[PDB]
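All remarks here apply to the structure that follows.
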Amino acid sequence: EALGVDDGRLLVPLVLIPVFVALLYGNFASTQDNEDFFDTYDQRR
Amino acid sequence: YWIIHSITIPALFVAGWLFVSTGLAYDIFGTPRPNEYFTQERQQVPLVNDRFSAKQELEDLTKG
Amino acid sequence: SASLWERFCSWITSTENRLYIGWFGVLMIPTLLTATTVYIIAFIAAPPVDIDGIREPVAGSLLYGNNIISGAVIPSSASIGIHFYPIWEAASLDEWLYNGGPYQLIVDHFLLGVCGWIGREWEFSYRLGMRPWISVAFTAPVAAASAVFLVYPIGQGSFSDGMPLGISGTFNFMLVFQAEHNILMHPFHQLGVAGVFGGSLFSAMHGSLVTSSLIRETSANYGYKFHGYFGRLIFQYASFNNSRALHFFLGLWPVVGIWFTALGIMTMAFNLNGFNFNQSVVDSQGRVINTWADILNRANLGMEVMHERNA
Amino acid sequence: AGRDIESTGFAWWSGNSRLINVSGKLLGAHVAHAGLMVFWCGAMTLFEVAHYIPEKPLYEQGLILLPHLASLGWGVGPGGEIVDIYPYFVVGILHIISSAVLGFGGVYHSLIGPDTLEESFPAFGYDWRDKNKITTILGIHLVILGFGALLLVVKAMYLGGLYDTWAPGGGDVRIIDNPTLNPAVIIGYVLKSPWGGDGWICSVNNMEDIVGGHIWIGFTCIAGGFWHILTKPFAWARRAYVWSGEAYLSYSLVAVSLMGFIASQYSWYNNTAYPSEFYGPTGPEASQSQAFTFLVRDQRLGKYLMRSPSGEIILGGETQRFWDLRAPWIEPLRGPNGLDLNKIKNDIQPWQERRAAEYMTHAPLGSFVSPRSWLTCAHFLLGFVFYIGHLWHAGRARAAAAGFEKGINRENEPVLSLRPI
Amino acid sequence: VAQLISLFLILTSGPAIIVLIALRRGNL
Amino acid sequence: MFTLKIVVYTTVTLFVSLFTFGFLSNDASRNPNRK
Amino acid sequence: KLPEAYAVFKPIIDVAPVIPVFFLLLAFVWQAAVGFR
Amino acid sequence: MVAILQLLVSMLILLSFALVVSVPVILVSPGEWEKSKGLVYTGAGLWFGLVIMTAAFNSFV
Amino acid sequence: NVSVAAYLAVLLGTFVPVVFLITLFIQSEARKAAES
Amino acid sequence: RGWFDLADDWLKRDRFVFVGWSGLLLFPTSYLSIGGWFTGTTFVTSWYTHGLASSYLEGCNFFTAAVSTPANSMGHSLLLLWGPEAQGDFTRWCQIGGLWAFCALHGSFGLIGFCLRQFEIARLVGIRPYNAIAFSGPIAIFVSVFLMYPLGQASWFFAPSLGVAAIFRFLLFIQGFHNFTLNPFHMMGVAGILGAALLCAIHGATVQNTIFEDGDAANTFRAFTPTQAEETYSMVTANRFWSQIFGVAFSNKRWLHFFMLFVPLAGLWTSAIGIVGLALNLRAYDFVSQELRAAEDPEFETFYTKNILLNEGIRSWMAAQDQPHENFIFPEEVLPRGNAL
Ligand code: CLA
Ligand code: CLA
Ligand code: CLA
Ligand SMILES: CC1=CCCC(C)(C)[C@H]1/C=C/C(C)=C/C=C/C(C)=C/C=C/C=C(C)/C=C/C=C(C)/C=C/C1=C(C)CCCC1(C)C
Ligand SMILES: CC1=CCCC(C)(C)[C@H]1/C=C/C(C)=C/C=C/C(C)=C/C=C/C=C(C)/C=C/C=C(C)/C=C/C1=C(C)CCCC1(C)C
Ligand SMILES: CC1=CCCC(C)(C)[C@H]1/C=C/C(C)=C/C=C/C(C)=C/C=C/C=C(C)/C=C/C=C(C)/C=C/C1=C(C)CCCC1(C)C
Ligand SMILES: [Cl-]
Ligand SMILES: [Cl-]
Ligand SMILES: [Fe+2]
Ligand SMILES: [Mn+2]
Ligand SMILES: [Mn+2]
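Protein sequence lines correspond, in order, to chains w, e, a, c, y, i, k, z, m and d.
Just remember that PDB author numbering sits 28 ahead of the position in the first sequence, which is counted from 1.
Just remember that PDB author numbering sits 19 ahead of the position in the second sequence, which is counted from 1.
Numbering (PDB author numbering) for the third sequence: 10 to 227, 232 to 239, 252 to 336.
Numbering (PDB author numbering) for the fourth sequence: 38 to 338, 352 to 417, 433 to 486.
Just remember that PDB author numbering sits 6 ahead of the position in the fifth sequence, which is counted from 1.
So in PDB author numbering, spot 10 of the sixth sequence is number 10, and the numbers just go up one at a time.
Just remember that PDB author numbering sits 8 ahead of the position in the seventh sequence, which is counted from 1.
So in PDB author numbering, spot 59 of the eighth sequence is number 59, and the numbers just go up one at a time.
Just remember that PDB author numbering sits 1 ahead of the position in the ninth sequence, which is counted from 1.
Just remember that PDB author numbering sits 10 ahead of the position in the tenth sequence, which is counted from 1.
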């Protein structure tokens, strides 16, 4: 019932796809200045 | 002026009140009172049937 | 730029694509396209749907004998209720089609798409550096659509009570809603009627005043390159000297009206019906003297006695 | 001056927007509004006690706070009957008296108190951009909320328990001895489907699950409060959120909008945290009770039954759409297959018939405005308007961070730099 | 009558504060 | 029915993840007034 | 009904729930007196 | 035992009304709160004392 | 059981105004291209 | 100068309320129409025409009070106070519904006077008269609904009565007896009204959200001065926005405002054409093919057939009390019902 997952195989897409895309985001996040900014939003990008 | 209004406006309001409380509105506009919607002979809804005898028909209906 | 994900972000959120995608467009486009194609396919070929749930299907497709006016995507079966009914939760594709599953598919994907459209309007307003409250204006038709498609079935307990995706189905929804709830006497539908009538009046007035006072630079439209009259038509005090305030009022009035009518639909979904002035006048003897509300109630009763179609 | 459009740029109808950058007056405004809320609670409780007719049930008198107090177990005996209204009077008096203290605090911190706090009380001042201080305040109030949830838990398990509709032979005030602390049940409730037949968190149907979930919520809130006090937002969180008062306001607005929708659905559907002896039956409950009463009057002196889409035996008719209803007066008559005809014939009780008849008489959906209807409509409307407020304040927070909330710069309009499409 | 009198006193108490502040010429 | 469900779950998860991580990629900096 | 001792103060209890609305109105009154500055 | 409680809570209502009228006026007004600071303290203390006494006399009723 | 001229009316009342508009637009574009 | 010249000079004086030559027709007719409506909704009953109570004096509220149409015995009579129906008797004139005719006629002449007022004031300010052409929409609505429809019907009785609940009754009555929702001209009218509301909201939001930063205050209503030669909002930014959000956008402000004028006017005129068609019972009530399909196939049902059944129920269950002059008596057996089907 949780997330409508009645077959374990459904969890493979649910976890692998968010991880893989996070992996693409990890590279954006690592190429950034992650020092604190003291402002409303971070203009460094 | 204000003084004038202080007399005219309340007098006019009282006149408007008395136009209803004394029953003159029913007589002037033909509006039936709550006790004269249905007569003893006519227990149905009164409706005009002819346009050229409407005055006489209403006189007959509202006579009682 | 420095990352594949950065390049992808700089293309999803680019202001150079003929039509902005944006992040909300990442959810909006698939849902809207899915709902659009499913609606088209259902409007042409869908099988008849047993909307009442008593094994008498209702046809709403062009191939089963409907025209553009009478064609509709029939709401889901009353046996389904408000149960989630995707394709994979039906035993067969035939039974899915028989119980009005495409209606649920279209409704859900369309609501997701209009939420994405609100977000995408905000997103492109932010990308262009303009003010973001066009989406606040667009919330009102979205609220009305969600009230007639989602909130009312939730309150009533069945998607069969939702508005059919058609013209004659829409008219049937309006008539049944007026019978069951007396929406005409509901003050929020009155506010919505005032909103739409005022919107039409104000659009016509603003167009007339701008077109009337066009400066001679010339069709007169080529004169453009990409208050005294109004204050004399009525008394001088009633006039919008400030153009920004006038346009704020123009935006505000119909949006507030549609918000109120959507709220009225939502309240009547939980049986907060309209005003009831029936039998409000009696004579001395106690007989009821009918009013126009009594005639309205007679019409509502005439509609209601042929909706049950059962005990 | 700071109290006019000349020195602030905000008109009178947006005048509280002048309170964004002054902390003491903002704190006073919030404390004054809290005092208003507590005053309304106490005054409305006193109003409802003052209009309470003993013979009529709670739901037939247009009362909404007395059912809330009765669900907690105060002044209610077996079967949902109300014994005395004195604890309700005490609750109203306590709220309406604490309202005076809160109102005095709000007036003091608004009018005569310092406009800004950081220059005189550095422990309370903030900038709306110091992420550590804002997270510290968030953590402190999280600890407060967790302690409130644990206070509800203590009331449930130690101080008199809570009313349970699922007690045998009608509801009763019961001590919740063993709440459900198993994480699987709570996670399944949180991750359940929200559609018909599942209901997500609205479908919690026993008091043990409620108490266990509130235990988990209280301890989780305490842990998260200590976390946010002792930590700073991470790099992914810092670059994703706007750090200003209006942005935090918009976040709170969308949160309370979702909460209002959830509460409206709770009042409309749930009959466990909202007992039907106090709030009246739900619409599905009323329809199923009418069908069950007709079935009983058919058995005394089959018609009235059909099969569900999954094959189970359910009540027939226009009610078929409400076969997912679970009510205390109908559970003993339901077996693994569905409702059992012989069990209804033999194992039926008079109190179940009385409950069914009295719920048939008063129907929200129609067989009298149900208090469930008022609560659901009011909080659904509030959720919608607060979603609108969240959208407005979030858009304006984004525009103000970037610097274009006052209009486009004629000197450098962005569109003019973009090539035409 | 008691309800009306209490309502009148409560409704007076609000603007009375503003009137007294104006008379004393305080921060209104 | 399972294969359609797994395809739909894959597609929905992909699009939702793209949305979530796109709005996490410093979206506020993507404005014309940013330096 | 109210406890019998306090039953005399019912007319206050019957007006108290609507007090916050007046507060809103009171705010407007202050903005009126201040001249909507 | 009941008339005493009714008189006490009526006095509490009167004192609450007086404090509501006076305290914002005393605090906001530049003239007051210097020659009449202790009046606010005495009024608030009397209000809390009246609340405590009403709570006490409620038990005997 | 639909009508027959019905099809004739629908098709012609769609085409006659469409080809008129297309002809007018093509004429205007021809003038623009010739002058430019 | 000449009397006319002096009277023209006096009528054209810049006073608080422009009078003008058109005022001589507008002010008395409009004043009498409004006063007659108030008098009818306050004192005059409908007991002898419709069998109903429609006055504050009878106990009605704002919603249920109306100036009801004349009795079906009157026909399309002008119902002059001195006419043969009333013969100078004010009471009988009010009882037969003559006040409705008074209000309708003096209100039509008031609408004509207001249109002439718009024309006159436009000729004095020196602007094109695109008002009094926009107002032709409401004029056509009033003429088609309150004048042409009863004239095409049996009498003034079937015209809308001047009231809220009366207007709602008229809506349901027309739906039941004509299926006016199915009328394509009414569909075009609905499209025009909804599109006009859409245009008003979207144009207001677009202008408010594309303003130039012409002030240092957060509230931007002060940054607009009354005599502003420059534009107060960016048309280019608004164009780009909608070009890339909706796929198409306005580029000409003139055209945009003419379109915002044109949509409600066209909708109202199409709805007026539909109501004129209804006046002679020439209605798009039914589709013959669908009726034939339903007659030879009991298992064939669409929402159109359900609408037909709903209209039949409306007619049957409202005929007895909505048309008391016909003396309709329908037994319960012949009254349509869902179970009866
Ligand atoms: C519940 C809602 C609420 C709250 C808590 C506040 C609170 C505040 N507002 Mg806001 N405001 C509100 C609604 C609210 N307002 C609304 C609805 C409007 C639109 C009309 C405004 C418009 C507005 C403007 C335009 C401004 C404020 C300002 C302020 C602050 C100071 C006001 C001042 O100078 O008082 C002066 C008022 C008086 C001296 C008269 C009232 C005296 C008191 C408060 C009456 C209280 C009665 C109560 C019973 C007393 C209890 C006593 C106690 C011992 C029990 C304060 C923080 C100002 C500010 O600080 O900006 C920087 C400002 O400029 N507000
Ligand atoms: C009102 C309470 C509150 C508030 C405002 C915050 C606010 C914040 N927290 Mg804190 N936190 C809280 C309570 C709160 N927290 C509690 C109770 C806990 C204990 C579990 C934590 C533990 C915690 C950690 C460990 C971290 C934060 C972090 C953060 C920051 C970013 C959070 C974010 O992006 O969400 C992201 C939200 C999601 C990814 C969604 C997760 C949803 C889960 C799977 C449940 C799903 C429920 C349901 C299916 C969907 C919602 C439906 C809805 C209707 C309920 C932000 C400052 C982060 C940070 O930067 O601080 C250092 C961080 O690392 N928080
Ligand atoms: C906790 C919730 C919350 C908070 C703290 C704020 C705070 C703020 N908002 Mg936001 N807002 C919210 C919810 C919230 N809002 C919601 C839910 C909506 C959607 C309706 C909005 C819509 C909104 C807009 C559109 C605007 C703000 C603005 C503001 C600012 C000034 C508010 C002001 O001066 O009020 C002044 C108060 C009034 C003028 C009184 C209004 C009275 C309403 C219309 C009556 C409603 C019916 C009433 C409750 C019934 C009582 C009956 C009585 C009349 C007899 C301030 C930062 C303004 C701003 O400056 O932006 C930064 C602004 O333009 N807000
Ligand atoms: C004991 C007893 C027995 C039974 C009977 C009984 C009498 C009922 C009971 C009594 C109980 C008693 C005695 C209860 C005591 C009750 C009292 C006196 C409650 C008063 C609370 C004051 C509040 C909420 C004011 C907050 C100020 C605000 C919101 C101002 C805001 C403003 C700001 C800041 C600035 C301007 C804008 C505005 C909005 C104007
Ligand atoms: C219950 C309780 C417990 C026991 C003790 C106790 C003290 C006795 C009591 C507490 C009582 C309390 C807390 C009492 C506090 C009561 C209050 C705050 C009363 C405020 C009244 C203000 C009103 C009615 C303003 C009306 C203005 C209007 C209508 C017009 C406004 C207009 C203006 C000018 C500007 C233009 C706009 C509009 C809006 C048109
Ligand atoms: C509270 C409320 C809430 C919402 C806002 C709100 C709407 C503003 C407000 C309402 C307030 C209210 C209730 C406002 C209501 C105000 C009222 C009732 C105004 C009544 C005016 C009556 C007139 C002009 C009659 C004139 C008679 C004439 C011309 C006679 C004509 C004659 C006839 C009959 C025919 C024969 C000839 C002659 C002799 C010519
Ligand atoms: Cl039934
Ligand atoms: Cl139907
Ligand atoms: Fe414009
Ligand atoms: Mn229904
Ligand atoms: Mn029905």
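Virtual Cβ for every residue (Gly too), placed ideally from N, Cα, C.
Check	Outcome
Sequence-distant residues of its chain with Cβ nearer than 7 Å to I283 (chain d) (five each side left out)	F195
Classification of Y262 (chain a) by the beta-carbon crowding that lies within 10 angstroms, buried from 16 upward	exposed
Proximal residues, the stretch 131 to 154 of chain c versus chain z, C-beta separation under 9 Å	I134, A137, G140, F141, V144, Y145, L148, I149
Alpha helix (DSSP H) runs contained entirely in the stretch 96 to 177 of chain c, provided each spans 4 or more residues	102 to 108, 123 to 144
Cβ-Cβ distance between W57 (chain d) and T79 (chain d) below 8 Å	no
Under 8 Å between C-beta atoms of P318 (chain c) and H412 (chain c)	yes
Proximal residues of chain i, C-beta to C-beta of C18 (chain a) below 7 Å	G22, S25
Paired residues, beta bridge with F222 (chain d) - DSSP	c:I473
CB of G123 (chain d) within 8 Å of CB of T242 (chain d), strictly	no
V286 (chain d) versus d:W92, d:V155, d:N82, d:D296, residue with shortest Cα-Cα distance	d:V155
Whole-angstrom C-beta distance between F222 (chain d) and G472 (chain c), which should lie under 8 Å	5 Å
Residue span of the alpha helix (DSSP H) that contains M37 (chain a), given as start and end	31 to 54
For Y200 (chain c), the three-state DSSP class (helix, strand or coil)	strand
Residues of the stretch 165 to 186 of chain d with Cβ closer than 9 Å to any Cβ of chain m, in chain order	none
Distance, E329 (chain a) Cα to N349 (chain d) Cα	11 Å
Chain c contact for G166 (chain a) (CB, 8 Å cutoff)	yes
Residues proximal to ligand 10 by C-beta, any heavy atom closer than 5 Å	a:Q165, a:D170
Spatial distance of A18 (chain z) from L39 (chain z) (CA atoms)	12 Å
Integer Cβ distance of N325 (chain a) from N234 (chain a), believed to fall under 8 Å	The pair is not a contact, with the Cβ atoms about 49 Å apart (cut-off 8 Å).
Uninterrupted beta strand (DSSP E) stretches inside the stretch 245 to 310 of chain c (no shorter than 3 residues)	none
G31 (chain z): contacting residues in chain y (beta-carbon distance under 7 Å)	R30
Proximal chain c residues relative to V51 (chain z), where beta-carbon distance stays under 7 Å	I134
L278 (chain d) versus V82 (chain a) - alpha carbon distance	30 Å
Chain y contact for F44 (chain k) (CB, 8 Å cutoff)	no
Cut-off 8 Å between Cβ atoms - residues of its own chain near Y311 (chain c), not counting five sequence neighbours on either side	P104, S108, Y303, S304, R437
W264 (chain c): CB within 7 Å of a non-hydrogen atom of ligand 2	yes
Residue-level contact to chain c via CB, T292 (chain a), 8 Å cutoff	yes
Under 8 Å (Cβ pairs) to chain w, residues found in the stretch 215 to 227 of chain c	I224, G225
Distance CB(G117 (chain c))-CB(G72 (chain c)) smaller than 8 Å	no
Reference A76 (chain d); option with closest CA among d:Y295, d:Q185, d:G46	d:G46
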